[PDB]
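**Q** give me a model of this one.
(2 chains, ligands or ions: 2)
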2 protein chains.
Amino acid sequence: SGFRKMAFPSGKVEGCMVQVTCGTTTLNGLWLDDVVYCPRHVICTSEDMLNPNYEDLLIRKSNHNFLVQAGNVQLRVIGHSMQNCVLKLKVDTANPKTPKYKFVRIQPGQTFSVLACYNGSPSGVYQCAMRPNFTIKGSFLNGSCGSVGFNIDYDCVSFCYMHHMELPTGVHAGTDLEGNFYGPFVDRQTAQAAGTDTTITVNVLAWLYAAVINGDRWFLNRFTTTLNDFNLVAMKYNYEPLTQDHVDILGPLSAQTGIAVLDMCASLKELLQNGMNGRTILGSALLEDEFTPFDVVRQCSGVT
Amino acid sequence: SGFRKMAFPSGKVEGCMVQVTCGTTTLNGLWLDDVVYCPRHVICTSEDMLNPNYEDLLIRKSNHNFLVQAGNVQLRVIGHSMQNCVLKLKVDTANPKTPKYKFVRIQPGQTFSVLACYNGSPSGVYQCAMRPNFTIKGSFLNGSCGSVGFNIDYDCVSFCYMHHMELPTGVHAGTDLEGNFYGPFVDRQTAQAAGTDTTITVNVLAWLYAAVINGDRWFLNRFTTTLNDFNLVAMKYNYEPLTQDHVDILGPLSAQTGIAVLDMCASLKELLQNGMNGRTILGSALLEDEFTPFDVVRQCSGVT
Ligand SMILES: Cc1ccncc1NC(=O)Cc1cc(Cl)cc(NS(N)(=O)=O)c1
Ligand SMILES: Cc1ccncc1NC(=O)Cc1cc(Cl)cc(NS(N)(=O)=O)c1
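**A** Residues are numbered from 1 along each chain as shown, chains lettered A, B, ... in the order given. Ligands and ions are numbered 1, 2, ... in the order given. And now the structure:
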């Protein structure tokens, strides 16, 4: 009973967080095995951030300039390198708390948990999605850089995001754990517009199935539609086009509820065309798009 | 930048979760020091749940009947007792992962994180509030009993909730860690109506301050009100009456933003009387009430 925006348990990731200081800048690092990963802008001063030449700035830094602290103890840095927009600090000790892990680059529409950290200390955990414009709508303040996004499959943590910056519009941009930014963003203090933030249609449909499973059914109608007819409606409302791949991924939810995917699309079409008329679905007065079909199956089945 | 429904990092609590089996029933237990806490209905069969005499059922159970497993290893039960609606199983080993902790009984309106668990394994973490009718709107399935709610102050975990049951309306009821139910609920399979679920006014005001801090300001108006005038509006909309204690707790938010509490109440009065007119506040199309003033200060300041 009930349906909530649920994050993964954060313990496996909390044991990887460290504080990295270079010069006068402090941010978060991720310690896995004998490497600490952090945003390369740790080597910058505020004056450098306008037009930084990271390669030239890094020449002036040596291993002893990177101060890595795990809780109360200091890690010894025996190597440093830059991989895209991240620094990899080789330390002399493997993290004993390193979980089984992978580095994954997610697609827009996919969700993940964020463990917001400051000074290497965790402050909170929340669930979010990689938006279609490659931004995330997080909750981050100065010092939160280096906080990571992840998914967990039983015992393996798949790290997908490392926080780097806030855009002038208060949305967030970052990299995968190979240091490649999601979207066209650069790690420079220059105004960068985000792009159209469309609604993740397949996720809205998944959430409507979650609503039916949990009893919220008022939006079910006597209609059906086609992929092309639904997509005309989706275009008008800045919803992502629905493909047969999306319909296929909703299969387990269609099977569990007995509601055909195209019938659920006709429900969504009517909700887009008429609004909610002051009503709510799963405690929300808007159509929620940050639950994937996998998230809905996981939560509705109790996967640990 | 940004404002999210954030839960506490769950690591300290994940290290306390165990699986408790009695007869054919399995649920979650909380292992702190040498005691495992779990809902007493672990001793019941489905047939017992209609009208159980817990004292009589417990007479037929011995220490060896309680199977406690922490991860893959078995804990030895050397004592058992019932405290209100919880069982306390004394084990021969102290939990090495026991964090600094306290047991607290929260007031309605207060928020906490829930670490949903199944078979002693964590599945997810989410933030919720103790509703004014003493129910919680969680996300729990069969096997989730014994999952706990908590708050964290630096290194100390304050456990406030242990999950016991779902009401026929799909809302959730449970106890504090002394085994006393929140509200009038009993651990018996008998239909128990919840009570009016009013809106936590002080929390809505806190969230409106969070919205102003993060840039959502369209709802600020040229009006003011009084506590008695606002409370006439709050009564009409099933909002909790606002007291001077609530106004006092909003003081830090009033000080940070420069918006007097009664001016923010006039904004809330107009939102109640006119609705949002298709607009949103912090990504929501309804007035959010599961952020306390302390939660807003914590998130907006970055407390770890
Ligand atoms: C203050 C803060 C809040 C949340 N998350 C992160 C931060 N910190 C930053 O964004 C620092 C930073 C780094 C880079 Cl690579 C670029 C900028 N560009 S800007 N935002 O237009 O000035 C700023
Ligand atoms: C199935 C489930 C889902 C979520 N959370 C918990 C559960 N399990 C339960 O509630 C079992 C249980 C225990 C008690 Cl003490 C009473 C009842 N009464 S009822 N709901 O009206 O049948 C049921």
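**Q** quick one: contacts for the residue lying closest to residue A:76 once chain neighbours are set aside?
**A** Closest residue in space to residue A:76, ignoring its immediate chain neighbours: residue A:92 at 4.4 Å, by C-beta to C-beta, 6 or more residues apart in numbering or on different chains. No exception for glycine: its C-beta is placed from N, CA and C like everyone else's. Residue A:92 makes contact with A:34, A:75-76, A:78 under the criterion C-beta atoms under 8 Å, 6 or more residues apart in numbering or on different chains.
**Q** contact residues of chain A facing ligand 1?
**A** Residues of chain A lying near ligand 1 by C-beta under 6 Å from any ligand atom: A:41, A:49, A:140-142, A:144-145, A:164-166, A:168, A:187, A:189.
**Q** give me that answer again for 8 Å
**A** A:39, A:41, A:44, A:49, A:138, A:140-145, A:163-168, A:172, A:186-192 (C-beta under 8 Å from any ligand atom).
**Q** residue numbers of the stretch 1-150 of chain A in contact with chain B?
**A** A:1-12, A:14-15, A:115-119, A:121-126, A:128, A:137-141, A:143-144 (C-beta under 8 Å from any C-beta of the partner chain).
**Q** residue A:237 is in contact with residue A:269, isn't it?
**A** No. Using C-beta atoms under 8 Å, residue A:237 is not in contact with residue A:269, being 9.4 Å away.
**Q** so between those two, which is more surrounded?
**A** Set side by side, residue A:237 and residue A:269 show more neighbours around residue A:269, with 21 against 15, by other C-beta atoms under 10 Å in any protein chain shown.
**Q** now that one: closest residue in space that isn't a chain neighbour?
**A** residue A:233 (4.7 Å).
**Q** is the one you found in a helix, a strand, or coil?
**A** helix (DSSP: H, G, I helix; E, B strand; the rest coil).
**Q** swap in residue A:131?
**A** coil.
**Q** contacting residues for it?
**A** Residue A:131 makes contact with A:108, A:137, A:171, A:197, A:200, according to C-beta under 8 Å, 6+ apart.
**Q** kindly report the same for residue A:174.
**A** Contacts for residue A:174 (C-beta under 8 Å, 6+ apart) come out as A:39, A:136, A:149, A:161-165, A:181-182.
**Q** could you rerun that using 7 Å?
**A** A:161-164, A:182 (C-beta atoms under 7 Å, 6 or more residues apart in numbering or on different chains).
**Q** check residue A:115 too.
**A** A:10, A:13-14, A:122, A:125, A:147-148, B:9.
**Q** how about a cut-off of 8 Å?
**A** Applying C-beta under 8 Å, 6+ apart to residue A:115 gives the contacts A:10, A:13-14, A:17, A:122, A:124-125, A:147-148, A:150, B:9.
**Q** restricted to helices, list the residues of the stretch 1-150 of chain A next to chain B.
**A** Members of those lying in helices (criterion: DSSP state H): A:11-12, A:14.
**Q** using a markdown table, lay out those together with distance to ligand 2 and neighbour count.
**A** Formatted as a markdown table, those follow (distance: C-beta to the nearest ligand atom, whole Å; neighbours: other C-beta atoms under 10 Å in any protein chain shown):
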| residue | distance to ligand 2 | neighbour count |
| --- | --- | --- |
| A:11 | 23 | 24 |
| A:12 | 26 | 22 |
| A:14 | 27 | 19 |
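**Q** for those residues, which one is nearest residue B:292?
**A** Distance ranking of those against residue B:292, using C-beta to C-beta, places residue A:14 first at 23.3 Å.
**Q** how much space separates the nearest residue to the closest one once chain neighbours are set aside from ligand 1?
**A** Spatial nearest neighbour of residue A:14, chain neighbours left out: residue B:11 (4.2 Å); criterion: C-beta to C-beta, 6+ apart. Distance of residue B:11 to ligand 1, given as C-beta to the nearest ligand atom, to the nearest Å: 23 Å.
**Q** okay, now the closest residue to ligand 2 within the stretch 101-250 of chain A: neighbour count?
**A** Residue of the stretch 101-250 of chain A nearest ligand 2, by C-beta to the nearest ligand atom: residue A:214 (11.4 Å). When neighbours are defined as other C-beta under 10 Å, residue A:214 has 17 of them.
**Q** so how far is residue A:12 from it?
**A** 29 Å (C-beta to C-beta, to the nearest Å).
**Q** residue A:32 now?
**A** 11 Å.
**Q** cool, and residue A:194?
**A** 31 Å.
**Q** likewise residue A:198?
**A** Residue A:198 sits 32 Å away from residue A:12 when distances are taken as C-beta to C-beta.
**Q** how about residue A:230: what's its closest non-neighbour residue?
**A** residue A:265 is the one closest to residue A:230 (C-beta to C-beta, 6+ apart), at 4.3 Å.
**Q** let me fix that: residue A:151
**A** residue A:158 (4.7 Å).
**Q** surely that neighbour is in a helix?
**A** No. Under the criterion used here (three-state DSSP), residue A:158 is strand, not part of a helix.
**Q** any idea what it is bridged to?
**A** residue A:102, residue A:151 (DSSP bridges).
**Q** hang on, the earlier thing: the residue nearest to residue A:76 and ligand 2, how far apart?
**A** From residue A:92 to ligand 2 the distance is 48 Å (C-beta to the nearest ligand atom).
**Q** do residue A:63 as well
**A** In terms of C-beta to the nearest ligand atom, residue A:63 sits 53 Å off from ligand 2.
**Q** then residue A:82?
**A** Residue A:82 is 49 Å from ligand 2, by C-beta to the nearest ligand atom.
**Q** surely that residue meets residue A:54?
**A** Yes. Proximity of residue A:82 to residue A:54 meets the contact threshold set by C-beta under 8 Å, at 6.5 Å.
**Q** could you tell me which residues touch both of these two?
**A** In contact with both residue A:82 and residue A:54: residue A:40, using C-beta under 8 Å, 6+ apart.
**Q** before we move on, the earlier item: contact partners for the residue nearest to residue A:269?
**A** A:225, A:239, A:269, A:272-273.
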